[PDB]
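Trainee: only the shape, not the letters, is given here:
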């Protein structure tokens, strides 16, 4: 819930730059493309550890 809604706000970050010229269409695409990858890590990292810390 946590690390995910963080990505939900971070998307609004990457979008907020898209309107400032900072991020064009292609580089904003890479920032949002990596956002879901980092979240993709933050989740599995949570899974495994969750099992080890609670239900091994």
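Mentor: Structure received. Numbering: from 1, shown residues only.
Trainee: biggest helix in this protein, by residue count?
Mentor: Secondary structure of the chain per DSSP state H: the longest helix is helix 25-53.
Trainee: next, the buried residues of it.
Mentor: In terms of neighbour count (16 or more other C-beta atoms under 10 Å), helix 25-53 has its buried residues at 28, 31, 32, 35. From N, CA and C alone the C-beta is placed, and that goes for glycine too.
Trainee: which helices and strands sit right next to it?
Mentor: The elements that helix 25-53 packs onto, with contact taken as 3 or more C-beta pairs under 8 Å, 6 or more residues apart in numbering; DSSP states H and E, are helix 2-18.
Trainee: for the helix it packs on, packing partners?
Mentor: The contact analysis (3+ C-beta pairs under 8 Å, 6+ apart) places helix 2-18 against helix 25-53.
Trainee: quick one: the helix it packs on to chain centroid distance?
Mentor: Distance, stretch centre to chain centre, for helix 25-53: 5 Å (C-alpha atoms, centre = their mean, to the nearest Å).
Trainee: what angle separates that helix from helix 2-18?
Mentor: Taking axes from the mean of the first three to the mean of the last three C-alpha atoms, to 10 degrees, helix 25-53 and helix 2-18 form an angle of 170 degrees between their directions.
Trainee: what's near enough to touch residue 23?
Mentor: Residue 23 makes contact with 14, 17, 31 under the criterion C-beta atoms under 8 Å, 6 or more residues apart in numbering.
Trainee: and it, which of the three is it?
Mentor: When classified by DSSP: H, G, I helix; E, B strand; the rest coil, residue 23 comes out as coil.
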